[PDB]
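Colleague: Pasting a structure here, questions to come.
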Amino acid sequence: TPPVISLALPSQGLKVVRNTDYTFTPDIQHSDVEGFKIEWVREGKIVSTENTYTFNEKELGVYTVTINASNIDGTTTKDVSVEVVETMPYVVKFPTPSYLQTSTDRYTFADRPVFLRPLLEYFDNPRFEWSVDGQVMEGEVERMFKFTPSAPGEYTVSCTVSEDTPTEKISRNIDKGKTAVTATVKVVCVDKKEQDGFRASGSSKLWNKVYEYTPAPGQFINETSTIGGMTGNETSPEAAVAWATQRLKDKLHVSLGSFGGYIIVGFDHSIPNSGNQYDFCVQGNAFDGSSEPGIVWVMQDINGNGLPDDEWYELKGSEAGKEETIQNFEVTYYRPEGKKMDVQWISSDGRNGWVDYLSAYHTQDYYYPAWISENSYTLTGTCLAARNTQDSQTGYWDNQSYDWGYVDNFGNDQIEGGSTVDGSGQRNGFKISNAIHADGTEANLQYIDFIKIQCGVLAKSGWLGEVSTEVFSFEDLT
Ligand code: CNC
Ligand SMILES: [Ca+2]
Ligand SMILES: [Ca+2]
Ligand code: NA
């Protein structure tokens, strides 16, 4: 009397969700017999010898799972067809260096940590497991994993993000359980030493190239008056780069729009981490009451290809580490369904709001950038706590200052020269020594090759419109 396997399926077949645990608990008649063994076989190999087995697959398709049970009276076998047919919006992905870049590969020098951190969608209560080259890293259970290669080569890092989602009975023998989504990212430890990537020489102290101009929505985006300077031709990322390039050459404003908007520039040489007061400066238009702080991020061309596709490092400012500052904030903007409308956003803290359309001042059809093809996009960055406030007596708005560390901000790190009346010629100076790793520790960069300015507040001030960093120039001061 060998064993027989009972495993009830839905009458319509077993149609399951991707990235979701299904536990199979078959009834084994004559499990009492001496010499009882059970095996679970998938694509030839034995995946389990327990009485239950849990399935979870990422790819849609039909998977065959074979059960084999034995005792001293004979053997038996059963085949269950598991059809992965439904998706759910749970996503784990590693970030690229900018909106328009698609590679997730990461680059570092030997003995320099890389702080790996996935972006998540739909997760509310995530748990983390990390692996390097197939080996689970015991004790690494946090949203970031600090990985430090000690030798050149390529390393495959895997992160499984799980969430305790509600259990469901699928049949007498099948239970739907937790969600678990896996993503992988390649870390390249380059063969070079950091010092050997210093680009000496150089012909200009100014920025030499704009690589990308991806603002957030704002009243100066697609603004075609003489005040805005756009032409209507900025309908592609290449045209946006050409426009920003000419504006910066002429030291005319480039607005980043609302939170997260950014521009990426480089130089024809590396800017050293120097003993001067400042290593570089950025021209804003701040005056007292008109602070629209931009977060400064810097990048070394670790992989040597001339492109800003390596690691960004934040320059800490006066608000770094305060519990009210939000690292790794995300804002998603939506192109409105018609012309002359407010631009809606939702943020990663669960808030929602909009950038106001101001028909009195900026009369273009859209404040969402014309050259962002997609009808929604998500920008990340450090978000400072907003301090724009309206005086009720006068009704006037005060976009209040931060102490130091930010672009277009009337703080303590300004370089003499700008008008305190209208902000023309205003500059802030910056120190590469303020560069930090993602956990707040010192990055100790010897030099930088690229700068990204990221609008650092999500706010608006009535008839002033959104709080939006403007930049006008970039200069190596060493
Ligand atoms: C257009 C403009 C400007 N304005 Co008004 C005028 N006229 N502003 C306005 C309009 C902005 C509309 C919009 N775009 O959403 C408008 C009508 C709302 C306005 C209002 C005011 N402005 C006023 C003043 C005096 C000035 N503003 C000027 C900035 C003066 C500018 C003079 C100039 N630069 O030529 C100006 C001509 C050009 C600004 C600009 O487009 N910059 C380009 C943009 C890309 O940069 P930005 O950093 O984002 O500019 C922002 C700030 O300028 C802010 N803002 C504008 N005005 C002020 C004034 C103050 C005190 C503060 C703190 C912020 C502002 O709004 C702009 C858009 O967000 C000013 C330098 C002109 C001057 N007299 O020399 C002067 C401020 C001097 C100072 N205190 O340091 C008012 C007090 C006038 C009034 N009502 O009595 C009032 C105060 C606003 C407030 N704080 O609540
Ligand atoms: Ca590069
Ligand atoms: Ca602005
Ligand atoms: Na400004």
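Going by the structure tokens order, chains are called A, B, ..., each with residues numbered from 1, while ligands are numbered from 1 in the order shown.
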Set out as a Markdown table a contact list for chain A and ligand 1 with a cut-off of 8 Å, giving each residue of chain A that qualifies its closest atom pair and distance in Å to one decimal, counting only C-alpha atoms and all ligand atoms, ordered by chain and rising residue number.

Modeller:
```
| residue | atom | partner | partner_atom_place_in_ligand_line | distance |
| --- | --- | --- | --- | --- |
| A:219 | CA | ligand 1 | 15 (O) | 7.2 |
| A:220 | CA | ligand 1 | 45 (C) | 6.4 |
| A:227 | CA | ligand 1 | 41 (O) | 6.3 |
| A:228 | CA | ligand 1 | 45 (C) | 7.1 |
| A:253 | CA | ligand 1 | 45 (C) | 6.1 |
| A:254 | CA | ligand 1 | 45 (C) | 7.5 |
| A:255 | CA | ligand 1 | 45 (C) | 6.2 |
| A:284 | CA | ligand 1 | 48 (O) | 8.0 |
| A:285 | CA | ligand 1 | 48 (O) | 5.7 |
| A:286 | CA | ligand 1 | 48 (O) | 6.4 |
| A:287 | CA | ligand 1 | 81 (O) | 6.1 |
| A:288 | CA | ligand 1 | 81 (O) | 6.3 |
| A:289 | CA | ligand 1 | 63 (C) | 3.7 |
| A:290 | CA | ligand 1 | 63 (C) | 4.7 |
| A:291 | CA | ligand 1 | 48 (O) | 7.6 |
| A:292 | CA | ligand 1 | 48 (O) | 7.2 |
| A:358 | CA | ligand 1 | 15 (O) | 6.9 |
| A:360 | CA | ligand 1 | 12 (C) | 7.8 |
| A:361 | CA | ligand 1 | 13 (C) | 5.6 |
| A:362 | CA | ligand 1 | 14 (N) | 7.0 |
| A:390 | CA | ligand 1 | 93 (O) | 7.4 |
| A:395 | CA | ligand 1 | 93 (O) | 6.6 |
| A:396 | CA | ligand 1 | 93 (O) | 3.4 |
| A:397 | CA | ligand 1 | 93 (O) | 3.7 |
| A:398 | CA | ligand 1 | 63 (C) | 5.1 |
| A:399 | CA | ligand 1 | 63 (C) | 6.3 |
| A:408 | CA | ligand 1 | 48 (O) | 8.0 |
| A:420 | CA | ligand 1 | 81 (O) | 6.3 |
| A:421 | CA | ligand 1 | 81 (O) | 4.1 |
| A:422 | CA | ligand 1 | 71 (C) | 3.9 |
| A:423 | CA | ligand 1 | 34 (N) | 7.3 |
| A:424 | CA | ligand 1 | 34 (N) | 7.4 |
| A:461 | CA | ligand 1 | 93 (O) | 7.7 |
| A:462 | CA | ligand 1 | 93 (O) | 7.7 |
| A:463 | CA | ligand 1 | 18 (C) | 5.0 |
| A:464 | CA | ligand 1 | 15 (O) | 3.7 |
| A:465 | CA | ligand 1 | 15 (O) | 4.6 |
| A:466 | CA | ligand 1 | 69 (O) | 6.3 |
| A:467 | CA | ligand 1 | 69 (O) | 6.6 |
| A:468 | CA | ligand 1 | 49 (O) | 6.1 |
| A:469 | CA | ligand 1 | 49 (O) | 7.1 |
| A:470 | CA | ligand 1 | 48 (O) | 6.3 |
```

Colleague: I'd like the neighbourhood of residue 86 (chain A) as a PyMOL selection string, where a residue qualifies if any of its atoms comes within 8 Å (using only C-alpha atoms), though same-chain residues fewer than 4 positions away should be ignored.

Modeller: chain A and resi 15-18+60

Colleague: Between A:103, A:348, A:473, A:160, which residue has the minimum interatomic distance to ligand 2, considering only C-alpha atoms and all ligand atoms?

Modeller: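 Closest residue, counting only C-alpha atoms and all ligand atoms: A:103.
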
Colleague: One decimal, in Å: what's the spacing between CA of residue 303 (chain A) and CA of residue 266 (chain A)?

Modeller: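 Result for CA of residue 303 (chain A) versus CA of residue 266 (chain A): 15.0 Å, one decimal.
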
Colleague: List all protein, DNA and RNA residues that have an atom no more than 7 Å from any atom of ligand 2, counting only C-alpha atoms and all ligand atoms, and report them as a PyMOL selection string.

Modeller: chain A and resi 301-310
